[PDB]
Every structure is written in structure tokens, then in C-alpha cells.
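*Asks:* mmCIF, C-alpha atoms, saved as work06.cif, coming up:
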data_run
#
loop_
_atom_site.label_atom_id
_atom_site.label_comp_id
_atom_site.auth_asym_id
_atom_site.auth_seq_id
_atom_site.Cartn_x
_atom_site.Cartn_y
_atom_site.Cartn_z
CA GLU A 38 8.42 16.05 -25.97
CA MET A 39 5.81 18.66 -25.03
CA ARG A 40 3.93 16.02 -23.03
CA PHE A 41 7.06 15.29 -20.99
CA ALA A 42 7.23 18.98 -20.05
CA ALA A 43 3.51 18.78 -19.29
CA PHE A 44 4.39 15.79 -17.11
CA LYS A 45 7.13 17.75 -15.31
CA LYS A 46 4.78 20.71 -14.85
CA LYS A 47 1.98 18.41 -13.64
CA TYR A 48 4.00 16.67 -10.91
CA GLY A 49 6.40 19.58 -10.21
CA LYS A 50 9.43 17.41 -11.14
CA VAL A 51 12.62 19.37 -10.53
CA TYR A 52 15.57 17.26 -11.67
CA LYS A 53 19.16 17.55 -10.42
CA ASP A 54 21.02 18.18 -13.68
CA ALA A 55 21.03 17.49 -17.42
CA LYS A 56 22.07 13.87 -16.82
CA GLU A 57 19.35 13.05 -14.27
CA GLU A 58 16.68 14.50 -16.65
CA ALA A 59 18.30 12.84 -19.61
CA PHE A 60 17.26 9.28 -18.77
CA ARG A 61 13.94 10.30 -17.15
CA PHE A 62 13.07 11.43 -20.69
CA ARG A 63 14.53 8.36 -22.44
CA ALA A 64 12.82 6.52 -19.57
CA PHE A 65 9.65 8.56 -20.18
CA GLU A 66 9.96 7.62 -23.88
CA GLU A 67 10.31 3.91 -23.05
CA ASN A 68 7.43 3.98 -20.58
CA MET A 69 5.24 5.56 -23.25
CA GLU A 70 6.65 3.00 -25.68
CA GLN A 71 5.70 0.13 -23.38
CA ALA A 72 2.36 1.77 -22.60
CA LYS A 73 1.32 1.09 -26.23
CA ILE A 74 2.44 -2.56 -25.97
CA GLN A 75 -0.24 -3.15 -23.21
CA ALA A 76 -2.40 -0.76 -25.16
CA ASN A 79 -5.17 -5.47 -21.03
CA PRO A 80 -6.39 -4.25 -24.50
CA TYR A 81 -9.82 -2.84 -23.22
CA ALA A 82 -8.22 -0.50 -20.69
CA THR A 83 -6.41 2.80 -21.12
CA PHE A 84 -2.72 3.29 -20.51
CA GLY A 85 -0.69 6.44 -20.56
CA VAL A 86 1.09 9.08 -18.63
CA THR A 87 1.06 8.59 -14.87
CA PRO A 88 3.14 9.98 -11.98
CA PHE A 89 5.87 7.33 -12.48
CA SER A 90 6.39 7.67 -16.22
CA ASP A 91 9.60 9.33 -14.93
CA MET A 92 11.00 6.09 -13.57
CA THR A 93 12.30 2.93 -15.13
CA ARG A 94 10.66 -0.52 -14.97
CA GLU A 95 13.84 -1.98 -13.45
CA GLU A 96 13.55 0.04 -10.25
CA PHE A 97 9.79 -0.43 -10.18
CA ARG A 98 10.33 -4.20 -10.35
CA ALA A 99 13.20 -3.63 -7.91
CA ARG A 100 10.96 -1.63 -5.53
CA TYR A 101 8.94 -4.83 -5.12
CA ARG A 102 11.77 -7.38 -4.73
CA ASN A 103 11.30 -7.23 -0.94
CA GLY A 104 7.49 -7.24 -1.23
CA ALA A 105 7.56 -10.33 -3.44
CA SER A 106 9.75 -12.09 -0.91
CA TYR A 107 7.46 -11.27 2.07
CA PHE A 108 4.36 -12.66 0.37
CA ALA A 109 6.20 -15.79 -0.77
CA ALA A 110 7.31 -16.29 2.86
CA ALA A 111 3.75 -15.70 4.12
CA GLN A 112 2.41 -18.16 1.50
CA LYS A 113 4.67 -20.90 2.97
CA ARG A 114 2.83 -20.48 6.29
CA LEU A 115 -0.60 -21.77 7.22
CA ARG A 116 -3.40 -19.34 6.72
CA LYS A 117 -6.55 -20.12 8.65
CA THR A 118 -9.38 -19.44 6.27
CA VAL A 119 -12.78 -18.52 7.55
CA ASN A 120 -15.90 -19.96 5.95
CA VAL A 121 -18.13 -17.63 4.06
CA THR A 122 -21.74 -18.01 5.01
CA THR A 123 -22.88 -17.10 1.58
CA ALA A 126 -23.81 -12.37 -3.54
CA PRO A 127 -25.22 -9.24 -5.26
CA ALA A 128 -24.25 -8.93 -8.94
CA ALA A 129 -22.59 -5.63 -8.04
CA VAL A 130 -21.44 -3.83 -4.89
CA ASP A 131 -19.18 -0.82 -4.52
CA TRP A 132 -18.39 0.39 -1.03
CA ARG A 133 -17.42 3.87 -2.20
CA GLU A 134 -21.03 4.99 -2.72
CA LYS A 135 -21.85 3.40 0.66
CA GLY A 136 -19.48 5.77 2.45
CA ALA A 137 -17.26 2.86 3.50
CA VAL A 138 -14.16 4.20 1.67
CA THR A 139 -12.10 7.31 2.49
CA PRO A 140 -10.42 9.64 -0.10
CA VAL A 141 -7.36 8.09 -1.79
CA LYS A 142 -3.97 8.64 -0.08
CA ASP A 143 -0.30 8.59 -1.09
CA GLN A 144 2.37 6.28 0.33
CA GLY A 145 4.99 8.48 -1.32
CA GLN A 146 8.61 7.37 -1.53
CA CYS A 147 7.86 4.74 1.15
CA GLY A 148 7.34 0.96 0.79
CA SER A 149 4.33 1.27 3.05
CA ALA A 150 1.46 -0.07 0.96
CA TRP A 151 0.95 -2.96 3.35
CA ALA A 152 0.10 -0.30 5.98
CA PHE A 153 -2.31 1.45 3.61
CA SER A 154 -4.05 -1.84 2.79
CA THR A 155 -4.53 -2.57 6.49
CA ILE A 156 -5.81 0.91 7.36
CA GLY A 157 -8.18 0.98 4.39
CA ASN A 158 -9.70 -2.41 5.29
CA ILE A 159 -10.08 -1.43 8.93
CA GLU A 160 -11.86 1.77 7.91
CA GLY A 161 -14.31 -0.17 5.76
CA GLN A 162 -15.07 -2.86 8.33
CA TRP A 163 -15.50 -0.22 11.02
CA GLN A 164 -18.00 1.73 8.92
CA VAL A 165 -19.88 -1.41 7.85
CA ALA A 166 -20.18 -2.34 11.52
CA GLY A 167 -22.36 0.82 11.57
CA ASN A 168 -19.90 3.43 12.84
CA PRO A 169 -19.34 6.91 11.28
CA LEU A 170 -16.63 6.70 8.59
CA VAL A 171 -13.28 7.91 9.93
CA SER A 172 -9.80 8.09 8.41
CA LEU A 173 -7.15 6.18 10.39
CA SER A 174 -3.32 6.28 10.75
CA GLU A 175 -0.78 4.33 8.62
CA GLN A 176 2.11 6.06 10.40
CA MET A 177 1.13 4.07 13.52
CA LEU A 178 1.93 0.86 11.60
CA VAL A 179 4.86 2.34 9.74
CA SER A 180 6.68 3.52 12.89
CA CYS A 181 5.25 1.36 15.71
CA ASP A 182 4.77 -2.15 14.17
CA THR A 183 7.98 -4.00 15.07
CA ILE A 184 6.89 -7.18 13.28
CA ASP A 185 7.02 -5.30 9.95
CA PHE A 186 9.68 -3.14 8.27
CA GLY A 187 8.08 0.31 7.81
CA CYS A 188 9.20 1.86 4.53
CA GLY A 189 11.03 -1.42 3.86
CA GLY A 190 7.74 -3.33 3.47
CA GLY A 191 5.50 -5.74 5.36
CA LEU A 192 2.42 -7.99 5.40
CA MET A 193 -1.14 -6.96 6.26
CA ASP A 194 -1.33 -10.15 8.34
CA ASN A 195 1.67 -9.12 10.43
CA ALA A 196 0.02 -5.72 11.07
CA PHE A 197 -3.41 -7.11 11.97
CA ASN A 198 -1.50 -9.24 14.51
CA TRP A 199 0.47 -6.22 15.75
CA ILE A 200 -2.63 -4.10 16.34
CA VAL A 201 -4.50 -6.78 18.30
CA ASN A 202 -1.52 -8.35 20.10
CA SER A 203 0.64 -5.29 20.83
CA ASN A 204 -1.79 -2.35 20.65
CA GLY A 205 -4.94 -3.71 22.24
CA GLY A 206 -6.98 -3.83 19.03
CA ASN A 207 -6.65 -0.07 18.77
CA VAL A 208 -6.18 2.07 15.66
CA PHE A 209 -5.33 5.79 15.87
CA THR A 210 -7.06 8.28 13.55
CA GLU A 211 -5.10 9.80 10.65
CA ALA A 212 -5.86 13.29 12.02
CA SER A 213 -4.22 12.62 15.40
CA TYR A 214 -1.38 10.54 13.90
CA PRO A 215 -0.62 12.05 10.45
CA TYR A 216 1.23 10.29 7.59
CA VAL A 217 4.71 11.85 7.43
CA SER A 218 6.71 9.03 5.81
CA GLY A 219 5.77 10.24 2.33
CA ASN A 220 9.32 11.57 1.96
CA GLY A 221 10.85 8.25 3.07
CA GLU A 222 11.74 9.53 6.57
CA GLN A 223 11.12 7.08 9.43
CA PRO A 224 10.61 8.86 12.82
CA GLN A 225 10.46 6.93 16.09
CA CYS A 226 7.21 5.44 17.37
CA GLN A 227 5.05 7.99 19.24
CA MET A 228 2.58 6.46 21.71
CA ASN A 229 1.27 9.74 23.14
CA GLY A 230 -0.99 12.39 21.65
CA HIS A 231 -3.36 10.27 19.58
CA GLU A 232 -7.10 9.53 19.47
CA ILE A 233 -8.34 6.01 18.87
CA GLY A 234 -10.43 5.87 15.71
CA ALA A 235 -11.38 2.18 15.64
CA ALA A 236 -11.08 -1.15 17.45
CA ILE A 237 -10.51 -4.68 16.11
CA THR A 238 -10.74 -7.95 18.04
CA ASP A 239 -9.14 -10.28 15.50
CA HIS A 240 -8.57 -10.74 11.79
CA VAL A 241 -9.47 -13.49 9.36
CA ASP A 242 -7.88 -14.71 6.16
CA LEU A 243 -10.09 -15.65 3.23
CA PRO A 244 -9.82 -18.79 1.02
CA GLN A 245 -8.35 -18.49 -2.47
CA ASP A 246 -11.83 -18.34 -3.99
CA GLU A 247 -12.99 -15.18 -5.84
CA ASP A 248 -16.67 -16.12 -5.46
CA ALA A 249 -16.07 -16.58 -1.73
CA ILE A 250 -14.17 -13.26 -1.42
CA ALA A 251 -16.98 -11.33 -3.16
CA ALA A 252 -19.64 -12.71 -0.81
CA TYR A 253 -17.63 -11.69 2.29
CA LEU A 254 -16.86 -8.29 0.77
CA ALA A 255 -20.50 -7.78 -0.25
CA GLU A 256 -21.43 -8.70 3.33
CA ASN A 257 -18.68 -7.13 5.48
CA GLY A 258 -16.97 -4.42 3.42
CA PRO A 259 -13.50 -3.65 1.93
CA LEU A 260 -10.77 -6.29 2.37
CA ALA A 261 -6.98 -5.98 2.35
CA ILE A 262 -5.64 -7.83 -0.70
CA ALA A 263 -2.25 -8.30 -2.32
CA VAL A 264 -1.65 -8.20 -6.05
CA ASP A 265 1.12 -8.50 -8.54
CA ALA A 266 1.54 -4.84 -9.37
CA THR A 267 3.69 -5.25 -12.49
CA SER A 268 0.92 -4.16 -14.89
CA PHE A 269 -0.08 -1.24 -12.65
CA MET A 270 2.75 1.08 -13.62
CA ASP A 271 1.48 2.71 -16.80
CA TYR A 272 -2.24 2.16 -16.17
CA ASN A 273 -4.50 5.18 -16.74
CA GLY A 274 -7.95 3.60 -16.63
CA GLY A 275 -10.32 0.84 -17.69
CA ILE A 276 -10.53 -2.85 -16.75
CA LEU A 277 -7.35 -4.95 -16.80
CA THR A 278 -7.77 -8.32 -18.52
CA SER A 279 -4.26 -9.60 -19.07
CA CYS A 280 -2.85 -8.47 -15.69
CA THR A 281 0.63 -9.90 -15.18
CA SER A 282 -0.01 -12.60 -12.60
CA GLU A 283 3.32 -14.16 -11.57
CA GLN A 284 4.32 -12.87 -8.09
CA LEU A 285 2.52 -11.07 -5.29
CA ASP A 286 4.26 -7.89 -4.39
CA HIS A 287 1.85 -5.07 -3.37
CA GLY A 288 -0.92 -4.60 -0.84
CA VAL A 289 -4.12 -3.01 -2.17
CA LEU A 290 -7.75 -2.82 -1.03
CA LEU A 291 -10.79 -4.44 -2.68
CA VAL A 292 -13.70 -2.02 -2.41
CA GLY A 293 -16.23 -3.67 -4.74
CA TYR A 294 -17.04 -5.47 -8.01
CA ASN A 295 -19.65 -5.65 -10.80
CA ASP A 296 -20.88 -8.80 -12.54
CA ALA A 297 -23.19 -6.97 -14.96
CA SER A 298 -20.32 -5.79 -17.19
CA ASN A 299 -18.56 -7.19 -20.27
CA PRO A 300 -16.32 -8.32 -18.80
CA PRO A 301 -17.01 -8.13 -15.00
CA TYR A 302 -14.41 -6.60 -12.72
CA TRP A 303 -13.05 -5.96 -9.23
CA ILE A 304 -12.78 -2.41 -7.93
CA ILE A 305 -9.48 -1.79 -6.12
CA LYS A 306 -8.18 1.23 -4.20
CA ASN A 307 -4.44 1.97 -4.35
CA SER A 308 -2.14 4.14 -2.17
CA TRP A 309 -0.79 6.22 -5.05
CA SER A 310 -2.91 9.33 -4.43
CA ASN A 311 -5.55 10.02 -7.09
CA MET A 312 -3.39 11.30 -9.93
CA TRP A 313 -2.86 7.65 -10.87
CA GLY A 314 -5.39 5.45 -12.68
CA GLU A 315 -9.12 6.09 -12.26
CA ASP A 316 -8.76 8.65 -9.47
CA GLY A 317 -6.50 6.36 -7.48
CA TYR A 318 -8.53 3.31 -8.44
CA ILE A 319 -8.15 0.32 -10.73
CA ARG A 320 -10.59 -2.24 -12.16
CA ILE A 321 -9.47 -5.78 -12.98
CA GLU A 322 -11.41 -8.65 -14.54
CA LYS A 323 -13.13 -10.81 -11.93
CA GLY A 324 -13.11 -14.61 -12.02
CA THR A 325 -9.76 -15.36 -13.67
CA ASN A 326 -7.56 -14.53 -10.63
CA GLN A 327 -6.19 -11.33 -12.19
CA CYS A 328 -2.97 -10.03 -10.58
CA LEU A 329 -3.49 -13.05 -8.26
CA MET A 330 -5.84 -10.99 -6.13
CA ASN A 331 -7.27 -14.04 -4.35
CA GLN A 332 -3.98 -15.26 -2.91
CA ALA A 333 -3.67 -13.05 0.20
CA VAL A 334 -7.11 -11.63 1.06
CA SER A 335 -7.66 -10.80 4.72
CA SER A 336 -9.91 -8.64 6.90
CA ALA A 337 -9.97 -7.24 10.42
CA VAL A 338 -12.95 -8.29 12.53
CA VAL A 339 -15.07 -5.63 14.22
CA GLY A 340 -17.44 -6.54 17.05
CA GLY A 341 -18.15 -4.31 20.05
CA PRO A 342 -21.71 -3.22 20.99
CA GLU A 343 -24.63 -5.54 20.23
CA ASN A 344 -27.80 -3.71 21.27
CA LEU A 345 -29.49 -4.31 17.91
CA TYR A 346 -32.24 -6.51 19.35
CA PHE A 347 -32.15 -4.83 22.76
CA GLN A 348 -33.52 -1.41 21.79
#
Show me this structure written as C-alpha cells.
*Replies:*
Amino acid sequence: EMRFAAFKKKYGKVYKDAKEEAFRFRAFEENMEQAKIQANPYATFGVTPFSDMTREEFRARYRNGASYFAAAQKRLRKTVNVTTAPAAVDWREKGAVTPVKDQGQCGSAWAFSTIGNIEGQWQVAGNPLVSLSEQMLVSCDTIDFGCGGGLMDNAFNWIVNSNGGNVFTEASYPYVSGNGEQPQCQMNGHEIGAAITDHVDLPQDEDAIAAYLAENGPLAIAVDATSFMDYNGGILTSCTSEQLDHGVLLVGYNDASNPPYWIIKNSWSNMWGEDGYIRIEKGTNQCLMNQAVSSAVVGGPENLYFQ
């Protein structure tokens, strides 16, 4: 019970009354209880920022998400061929990944997946790495549902087809939905951080995805997040893989490991997992990561062989 107080003191949790805290502790107890059930064996599980909440709300927080992906799955995805694969790449070292962020009490992970992907593709184009705005998407993308959820595909389409291929920087358009508030769209007072021309979807092939990632940079993926709750670190190997319900970002992989793994960036700050990051086994479709991979396309200047 000391480690629950440690938890409270670590995340500044100030409960309403005895009753509200009462469950959170029972709930904390059960989350710690379940954490030793999953104890992906070769990964670590423990206390995270949501050991306070129950796995009925968690699974409820995704009910919408699940239903958006299932609806997207029913529609035709145009896959793009991959020209074809280094045993290991990791775009974090290659300055193609920004510090981890926090979606807060907002169902806005779709927006974080999109922004993260865009940032990676923009930097791999050969631009200076630059944080970009999720708020833009959360408040201004009328295809999607802001804190209610959305699809990366919808948002790629909104940027290109309703915002000229333009993405505003985080600095100029700051993330303020952390608290679940949804202010009106603000078109003025922003600086454009990046430009996209289109987006592509990728086939449901992990080998294919890796080659395009290795070649082009971080991609927006969707996973089943059910096994993510109590994760502290390691490589997941029995990820629950039943229903897609969360948008994350694939930043790399490594084949020279036993077993090999994908490197994924999440929108739950850094206090969660491996500094905001999770590793899942590659090549067995863990968390169904291959089902909804997609990537913005960067073009622009082409003076490579002209100077």
C-alpha cells in the first residue's frame, strides 16, 4: 500500500473523497494483480500512470476506436508497392522522432499518430526536424471526431484536401486538449511546419512495412492496445491481437534480437513504458500492427542532381 501512495505522489493524484480513492486502490490492487498474470513473459509489467483506472473503462475508452477501424477495414485501401531491408533501423537516433507527448484525457491518439508520421517523413525528406500540431487535427478536422476519436487516413485526407497539404508547428498551435476541452478551430496565428502532397496505405505485410519504414521513416500504425495498459518495458510476445483500437507510430525495428521486435512510439508521455515507447515481437502480427499502416508523402524541392 506504500507503492500506491508512491503512485499518487508520482502522478500528483488528488482524489475527490474516500469513495473515489477506495476503488482506485482496489483497482490499483487488481491492476497489479493482473500485471503479474501477463508477467508477454519476456517483458516487464508494473505500475504505470493508469494503474489508477479499471480495465473496463480502458476497454470502454476504445469502444469507439475499435468501431472506426472496423469501419475503415470495410473500405478499400489502396496499397502502394514497396520497391524493396536493414536488419535493424531506429529513427530515434536518426533525429527523425520528436520527444514523446501526452494526449491526456482526450481520445486523440489518431491525431498523434498522424503528426508523428508527418514529422518523420518530413525529416527523412531532408528537412530539419520540427514538432507539429495535433490540436490542428483535433479542432479543425471535420472528418474526424476530436477527443471522440478518428482515423489517421481521415486526417491525411483532411490535411491535403481541406488544408492544402499544410501542417502547423506545435509551437504556433499548442496542444491544449490534454484536459479534454475542445476549443473551436483557429485558422489564424500559426506557422506552417511541413507540407504533404498525398498519403499512401501499406499492404498487410510486416516485411513490406519494414522496408518502407527503413527507406522513408516513421509510419502511422494502429494496434490493439489491450495489452498496453500495465506495460512497463521489454518486448511484447503475446500481445492481445483481436481488435484495432489505437493509433501509434512505428519508429523502427531490430532483427538481430531474440526475439526481434518493432519499436513503437505512443502518445502517453514518457512516464509510461520504455520512456513512452514499446517494443513488440516482429513477424507474428503482434497487436495486429500491420492492419492499418499508412504514411504521408513528402515531395517538394528536387535539386539533388541540379547542384
*Asks:* Ranking A:114, A:231, A:142, A:73 by minimum distance to residue 271 in chain A and counting all atoms listed in the file, which one comes first?
*Replies:*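 Ranked by minimum distance to residue 271 in chain A, first place goes to A:73.
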*Asks:* Do you know which residues the PyMOL selection byres ((chain A and resi 148) around 6) returns on this file, as a ChimeraX atom specification?
*Replies:* /A:147,149-150,188-190
*Asks:* For residue 251 in chain A, which of A:226, A:319, A:217, A:126 is the closest residue, counting all atoms listed in the file?
*Replies:*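 Smallest distance to residue 251 in chain A is found for A:126.
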*Asks:* Between CA of residue 164 in chain A and CA of residue 333 in chain A, what is the spacing in Å?
*Replies:* 22.4 Å
*Asks:* Give as a list in words the residues that the PyMOL selection byres ((chain A and resi 310-312) around 9) matches when applied to the coordinates above.
*Replies:*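 Against this file, the PyMOL selection byres ((chain A and resi 310-312) around 9) returns the residues residues 87, 88, 140, 141, 142, 143, 144, 145, 307, 308, 309, 313, 314, 315, 316, 317 and 318 of chain A.
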*Asks:* Would you please work out which residue, of A:160, A:248, A:96, A:222, is nearest to residue 338 in chain A when using only C-alpha atoms?
*Replies:* A:160
*Asks:* Using Å and a single decimal, report how far CA of residue 191 in chain A sits from CA of residue 159 in chain A.
*Replies:* 16.6 Å
*Asks:* Record the distance separating CA of residue 50 in chain A and CA of residue 173 in chain A, expressed in Å with one decimal.
*Replies:*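 So the two atoms, CA of residue 50 in chain A and CA of residue 173 in chain A, lie 29.4 Å apart.
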*Asks:* Evaluate the PyMOL selection byres ((chain A and resi 44) around 10) and record the selected residues as a ChimeraX atom specification, following the chain and residue labels used in the document.
*Replies:* /A:38-43,45-50,65,86-91
*Asks:* When you count all atoms listed in the file, which of these residues is closest to residue 236 in chain A: A:200, A:181, A:305, A:69?
*Replies:*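 Among the listed residues, A:200 lies closest to residue 236 in chain A.
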*Asks:* Would you kindly return, as number ranges by chain, each protein, DNA or RNA residue with an atom no farther than 8 Å from any atom of range 283-297 of chain A, considering all atoms listed in the file and excluding same-chain residues fewer than 3 positions away?
*Replies:* A: 101-109, 128-133, 138, 150-151, 153-154, 157-158, 192-193, 251, 254-255, 258-266, 300-308, 323, 328-329
